[PDB]
Amino acid sequence: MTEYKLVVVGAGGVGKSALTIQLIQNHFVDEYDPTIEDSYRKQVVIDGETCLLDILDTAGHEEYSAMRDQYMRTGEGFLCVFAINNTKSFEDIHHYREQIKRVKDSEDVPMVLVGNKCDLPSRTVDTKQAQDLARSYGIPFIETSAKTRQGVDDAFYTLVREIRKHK
Ligand SMILES: COc1cccc(-c2cccc3c2O[C@H](CNC(=O)c2ccc(OCCN(C)C)cc2)CO3)n1
Ligand SMILES: Nc1nc2c(ncn2[C@@H]2O[C@H](COP(=O)(O)OP(=O)(O)NP(=O)(O)O)[C@@H](O)[C@H]2O)c(=O)[nH]1
Ligand SMILES: [Mg+2]
């Protein structure tokens, strides 16, 4: 079956691990254990093609490393995640897109913008703002909650569909 290498990126605390663990294990993690680098694997069927998702879950709180750039170079597509209750994480998205475009050395990298924590009442980033940012990058936007499971499959499966279009 076909293999897709997906990297989940974004600011500390936005829910990159919670999203991934919700996808793999059908489990919400309540505790906040910061990530350095963790990898996961899942077989799924998307649009009738059976495929193997290799998912790399990154750190938020991370300076420069040559190691960070190796795994971003091998990654075929990226979930750029922010939290809808944290405007700074949304502003940081543009930094992640630049970091990616630099290491891949391309304008046209498969990406999906993910607004996580949509279950929380303390919304500070508007759906319309995030849609406009996504439209400006020519990429999809998906609102998710690792807690309710809303959008989780959609986020990963949409990224795979983006990788297919690109090749
Ligand atoms: C066995 O394959 C798996 C399993 C789970 C996740 C991933 C995965 C997902 C997203 C991005 C990834 C991934 O692993 C890739 C392979 N793993 C690596 O650890 C890796 C090995 C060598 C690298 O250098 C690249 C070229 N040259 C120096 C050898 C770089 C990385 C790294 O990027 N791959
Ligand atoms: N209410 C709510 N909480 C969430 C959601 N997603 C993650 N969280 C919470 O946010 C905290 C951070 O989750 P985590 O997955 O650790 O975020 P992260 O981006 O992996 N952090 P890091 O980059 O430091 O590894 C956790 O306590 C978790 O319960 C969500 O959709 N809703
Ligand atoms: Mg994490």
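Position 1 is the first residue of the sequence, and the numbers go up from there. For ligands, and for the atoms within them, numbers begin at 1 and follow the listed sequence.
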Checklist entry - Hey, are the side chains of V112 and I142 touching, using non-hydrogen atoms and a 4.5 Å cut-off? => result yes
With a 4.0 Å cut-off, strictly under, does [atom] pick up any protein heavy atom?
atom: atom 1 (C) of ligand 1; value: yes
atom: atom 22 (C) of ligand 1; value: no
atom: atom 19 (O) of ligand 1; value: no
atom: atom 32 (C) of ligand 1; value: yes
atom: atom 29 (C) of ligand 1; value: no

Checklist entry - Do you see an N/O/S atom of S17, backbone or side chain, under 2.8 Å from the Mg ion (ligand 3)? => result yes
Next on the checklist: If the cut-off is 2.8 Å, does any N/O/S atom of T35 fall short of it from the Mg ion (ligand 3)?
Outcome noted: yes
Checklist outcome for this item: Logged contact type for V29 with ligand 2, heavy-atom cut-off 4.0 Å, is backbone
Item to check | Under-4.0 Å heavy-atom contact with ligand 2, by part of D119 that carries it | outcome: side chain
Item to check | Numbered atoms and elements of ligand 1 in range of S39, under 4.0 angstrom, heavy atoms | outcome: 5 (C), 6 (C)
Item to check | Close-contact set for ligand 1 against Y40 heavy atoms, below 4.0 Å | outcome: 5 (C)
Checklist entry - Quick one: does ligand 1 sit under 4.0 Å from the side chain of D54, the backbone, both or neither, non-hydrogen atoms only? => result both
Next on the checklist: Below 4.0 Å, non-hydrogen atoms only: which portion of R73 touches ligand 1? Side chain, backbone, both or neither.
Outcome noted: neither
Item to check | Backbone or side-chain N or O of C118 under 3.5 Å from ligand 2 N or O | outcome: no
Checklist entry - Looking at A18, which atoms of ligand 2 are within less than 4.0 Å of one of its heavy atoms? => result 6 (N), 7 (C), 15 (O)
Checklist outcome for this item: A student checking ligand 2 against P34 at a 4.0 Å heavy-atom cut-off should list atoms 24 (O), 25 (O)
Checklist entry - Quick one: which of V7, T74, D69 has a heavy atom closest to atom 15 (C) of ligand 1? => result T74
Checklist entry - Do any N/O atoms on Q70 end up under 3.5 angstrom from N/O atoms on ligand 1? => result yes
